[PDB]
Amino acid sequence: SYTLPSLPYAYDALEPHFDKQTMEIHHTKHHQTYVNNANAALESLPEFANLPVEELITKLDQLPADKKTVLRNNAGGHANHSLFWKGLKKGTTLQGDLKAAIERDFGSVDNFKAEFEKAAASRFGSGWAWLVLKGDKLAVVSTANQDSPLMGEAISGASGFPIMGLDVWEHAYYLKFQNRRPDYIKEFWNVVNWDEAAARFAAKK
């Protein structure tokens, strides 16, 4: 039984970058729905229901053929948004090991940002832009809908351990930005939680 996590901050804690109205709807309506549908799909699968959502999405091919898609979509949605909320915070600073790794793997922070922005803006339709750790190297990848790199290349077209990510489904930015996804992407730099990103980069698991 998956529980919708509470946000680690107020709905307007990311203002003036991400709007409070969207933060509320995004959490209480969209995430709520993924949790509901994932839970409904796992009702007849107690063997899989006890696994953490992050582990479940790595075992999608282990599910009954008729449960793969519904759980890929909703367990993926739950896993992705849970990471999203924790990966957002104002006032942090990229530094330490993670900053060194980005400069090492991308040449510079600006280099990395340009590549991330490209992935985020070029994601056609619904999806996510990610900064992942593929073994020893950091990389920028994107996925469609609620797919996660944790699902593997065969399913998601991407792979690696997510360090941080940006939701580019239109519901994530339409109320305030409408079609202006690039403005939303720029604002993201102001709220991406480098402290949590650093924590994940340290864990690597």
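Note that residue numbering follows the sequence shown and begins at 1.
Judged by mean Cα B factor in the deposited record, 99-107 ranks above the other of 121-129 and 99-107. Higher mean CA temperature factor, per the PDB entry, when comparing 55-63 with 36-44: 55-63. Between the residues 195, 183, 24, 19, the entry's highest C-alpha temperature factor is the one at 195. For the set 75, 83, 94, 114, the PDB entry puts the maximum C-alpha B factor at 94. When the modelled residues of the chain are ordered by C-alpha B-factor, residue 178 sits in the middle third.
Compared with the other modelled residues of the chain, the Cα B-factor recorded for residue 68 ranks in the middle third.
The PDB entry assigns residue 138 a C-alpha temperature factor belonging to the highest third of its chain's modelled residues. Among all modelled residues in this chain, the alpha-carbon of residue 159 has a temperature factor (C-alpha) in the middle third.
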